[PDB]
Amino acid sequence: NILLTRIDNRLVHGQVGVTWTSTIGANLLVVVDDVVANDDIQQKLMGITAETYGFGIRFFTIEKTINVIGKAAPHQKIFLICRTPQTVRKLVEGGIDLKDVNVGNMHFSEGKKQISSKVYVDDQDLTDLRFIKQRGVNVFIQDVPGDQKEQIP
């Protein structure tokens, strides 16, 4: 059911989320993020994007996603969007079978190092990305479809 998981600090990220969703042929975008899930006014803009382009959307905590994602019905073709690799790691640890993780926008903060045009990491981010890889997940950096895919160092 899960077609792709993308890490993007901007979550749905407007036209970027639109293009990914269309390209992979998802019909349900699950935003896995505790802050947004738990403060529902923060959902409104992303909800408008879903409404505009005609795909379903959910805003779930990590705990909820672990608990329910397996109940997904055959017709649900899911695109998971996560803020950070920390979230993805929690999903993997919780036993969710992810095949591919696309690393999108990871913005600078103090001490982070640039590894791709739109990706800045600290050592914990690299640790977590590498953990995900070690669990057999294909992890790659790619801004939008058709860009050259880049590997984690």
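The residue numbers shown here are sequential, starting from 1 for each chain in the order of its written sequence. They can differ from the numbering used in the entry, and residues that have no coordinates are not displayed. Based on all heavy atoms of the structure, the side-chain values leave hydrogens and waters out of the count.

For this coordinate set, the PDB header names X-ray crystallography as the determination method and states a resolution of 1.450 Å.

**Looking at the pairing of strand β2 (residues 28-32)**
Inclusion rule: Relative accessible area decides the class of each residue, using a 1.4 Å probe on protein chains only: under 20% of the type maximum gives buried, over 50% gives exposed, and in between gives partly exposed. Each helix is a run of H or I in the DSSP string that is no shorter than four residues. Each strand is a run of E no shorter than two, and both are numbered from the N terminus. Any two strands with at least two DSSP bridges between them are considered paired.
The element β2 is extensively covered by neighbouring structure, given that five of its five residues are classed as buried. The two faces of β2 match: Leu28, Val30 and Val32 on one face and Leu29 and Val31 on the other face are all buried. Across five bridges, β2 lies against strand β3 (residues 56-60) in parallel orientation. Along β3, the bridge assignment pairs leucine 28 with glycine 56. In terms of strand pairing, β2 meets strand β4 (residues 78-82) through five bridges, oriented parallel. Bridge pairing links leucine 29 to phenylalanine 79 in β4.

**Observations regarding the environment of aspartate 40**
Looking at the element boundaries, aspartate 40 is found in the loop between α2 (34-38) and α3 (44-53). Taking the relative accessible area as the measure of exposure, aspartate 40 reaches 56% and is therefore exposed.

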